[PDB]
Asks: 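First the structure, then my questions, so here it is.
Numbers here are sequence positions counted from 1.
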Amino acid sequence: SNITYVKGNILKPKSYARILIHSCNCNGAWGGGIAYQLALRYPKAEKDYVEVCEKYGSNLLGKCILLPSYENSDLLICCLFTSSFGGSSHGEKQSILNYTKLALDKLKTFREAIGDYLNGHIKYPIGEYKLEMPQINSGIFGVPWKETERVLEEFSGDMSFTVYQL
Ligand SMILES: Nc1ncnc2c1ncn2[C@@H]1O[C@H](COP(=O)(O)OP(=O)(O)OC[C@H]2O[C@@H](O)[C@H](O)[C@@H]2O)[C@@H](O)[C@H]1O
């Protein structure tokens with residue numbers, strides 16, 4: 001009930017400010033799926049994500065980082081670090097779900113008051129950005145969407161999400 005589902009591609013431009021949340025590996029590889037689509041469009045954000053992975057590696061698990069898209073001041077990117085490696089070496093389902101919860105809790109705390117790269121690029125107060133995501137964990141990471149959906153619903157009354165379905 002804190003989730004609104006919309007049909008369509010999350011990368012089609014929107015008039016309002018938003019944070020695009022997606023699930024990431026800690027290996028500096030936006031290599032497939034939605035992450036690769038972000039790498040094509042937002043190469044400076046990919047650079048930041050790679051830099052954070054190179055510095056902290058899997059110590060990032062259960063954390064998130066907020067990045068400018070740089071190309072559109074109405075679009076930030078929120079990377080949830082939920083697996084050490086991408087592709088077929090991704091972590092087990094319970095690991096990914098636990099880290100998804102922990103990473104979203106850090107996003108929740110940050111909005112209430114992760115944001116190193118926002119300095120000098122964030123146009124609005126962070127609370128003014130809508131929270132949007134594809135069906136994270138359900139593609140390359142192989143987690144049935146209903147299990148991630150239950151994680152999102154743990155934040156009812158704290159955060160609301162718009163989830164895109166192709
Ligand atoms: N523009 C898009 N718009 C809306 N939905 C999309 C889009 N692109 C993909 N999707 C949907 O989002 C689902 C999740 O996409 P994945 O990229 O497979 O994400 P995930 O399962 O969370 O795996 C994360 C892993 O893959 C890479 O994205 C990332 O580098 C990480 O290692 C996909 O199954 C797909 O159905």
Asks: Examine distances only and state if a side-chain atom of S83 and a backbone atom of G91 form a donor-acceptor pair shorter than 3.5 Å.
Replies: yes
Asks: Looking only at atom types and distance, does a side-chain atom of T148 sit under 3.5 Å from a main-chain N or O of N137, one as donor and one as acceptor?
Replies: no
Asks: Would you kindly check if the NZ (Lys) or CZ (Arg) of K130 is within the cone defined by 45 degrees around the ring axis of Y16 and under 6.0 Å from the six-membered ring centre?
Replies: yes
Asks: Heavy atoms only: give me the nearest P144-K93 pair and the separation to one decimal.
Replies: CD-CD, 3.8 Å
Asks: For the side chain of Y42 and the backbone of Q37, is there at least one donor-acceptor N/O pair under 3.5 Å apart?
Replies: no
Asks: Taking side chain as C-beta onward, heavy atoms only, is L107 less than 4.5 Å from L104?
Replies: yes
Asks: Main chain of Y124, side chain of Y129: is a donor-acceptor contact present, judged purely on distance under 3.5 Å?
Replies: yes
Asks: With the 4.5 Å side-chain cut-off for hydrophobic clustering, are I34 and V163 part of the same group?
Replies: no
Asks: Can you tell me if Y5 has over 12 outside heavy atoms packed within less than 6.0 Å of its OH?
Replies: yes
Asks: Output, in order, the C-alpha distance, side-chain angles, deciding distance and verdict of side chain to side chain contact (heavy atoms under 4.5 Å, CB included) for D48 and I77.
Replies: CA-CA 11 Å; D48 293 343; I77 298 167; over 6 Å; no
Asks: For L97, is there any backbone N or O sitting under 3.5 Å from a side-chain donor or acceptor partner on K101?
Replies: no
Asks: Please answer: with hydrophobic residues joined when any side-chain heavy atoms are less than 4.5 Å apart, are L66 and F155 in the same cluster?
Replies: yes
Asks: Could you go step by step and tell me if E46 and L38 meet the side chain to side chain contact (heavy atoms under 4.5 Å, CB included) rule?
Replies: CA-CA 8 Å; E46 185 191 16; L38 299 175; over 6 Å; no
Asks: With heavy-atom distances below 4.5 Å as the criterion, would you say the side chains of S138 and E147 are in contact?
Replies: no
Asks: Please report whether the ring centroid of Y99 lies less than 6.0 Å from that of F81.
Replies: no
Asks: Closest heavy-atom contact between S160 and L131?
Replies: O-CB, 3.5 Å
Asks: Tell me the closest heavy-atom pair linking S23 and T100, and the distance in Å.
Replies: OG-OG1, 4.5 Å
Asks: Quick check against the 3.5 Å criterion: does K63 have a side-chain atom that pairs as donor or acceptor with the backbone of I114?
Replies: no
Asks: Decide whether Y56 and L80 are clustered together by the hydrophobic rule: side chain heavy atoms of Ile, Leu, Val, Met, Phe, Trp, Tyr closer than 4.5 Å, transitively.
Replies: no
Asks: Determine whether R18 and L76 make a side-chain contact, defined as any pair of heavy atoms from C-beta on separated by less than 4.5 Å.
Replies: no
Asks: Between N25 (side chain) and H90 (backbone), is there a donor-acceptor pair under 3.5 Å?
Replies: no
Asks: May I ask you to say whether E51 pairs ionically with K55, meaning some side-chain N is under 4.0 Å from a carboxylate O?
Replies: no
Asks: Within the 4.5 Å heavy-atom criterion, are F110 and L118 side-chain neighbours or not?
Replies: yes
Asks: Are any side-chain N or O atoms of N9 and backbone N or O atoms of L11, one a donor and one an acceptor, separated by less than 3.5 Å?
Replies: yes
Asks: Within the supplied structure, the quantity of interest is the number of heavy atoms (other residues, nucleotides, ligands) at a distance under 6.0 Å from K47 NZ; does it exceed 12?
Replies: no
Asks: Heavy-atom count around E154 CD within 6.0 Å, excluding the residue itself: above 12?
Replies: yes
Asks: Taking it one step at a time, do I10 and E132 satisfy side chain to side chain contact (heavy atoms under 4.5 Å, CB included)?
Replies: CA-CA 8 Å; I10 193 167; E132 308 203 330; 4.0 Å; yes
Asks: Short question: side chain of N2, backbone of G157 - any donor-acceptor pair under 3.5 Å?
Replies: no
Asks: Please say which of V151, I96, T82 ends up in a side-chain contact (heavy atoms from CB on, under 4.5 Å) with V143.
Replies: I96
Asks: Please check if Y164 and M133 belong to a single hydrophobic cluster, counting links between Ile, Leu, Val, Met, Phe, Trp and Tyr side chain heavy atoms closer than 4.5 Å.
Replies: no
Asks: For a side chain to side chain contact (heavy atoms under 4.5 Å, CB included) check, start with the C-alpha distance between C79 and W30, then their side-chain angles and the critical distance, and finish with the verdict.
Replies: CA-CA 11 Å; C79 306; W30 281 359; 3.8 Å; yes
Asks: Of the non-hydrogen atoms in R111 and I126, which two are nearest, and what is the gap between them?
Replies: CA-CG2, 4.0 Å
Asks: Does a side-chain heavy-atom distance below 4.5 Å link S69 with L67?
Replies: no
Asks: Which pair of non-hydrogen atoms, one from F141 and one from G86, has the smallest distance, and what is that distance?
Replies: CE2-CA, 4.3 Å
Asks: Can you tell me how far apart CG (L60) and SG (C24) are? Round to the nearest 0.5 Å.
Replies: 10.0 Å
Asks: Which heavy-atom pair separates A103 from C64 by the least distance, and what is that distance?
Replies: O-SG, 3.6 Å
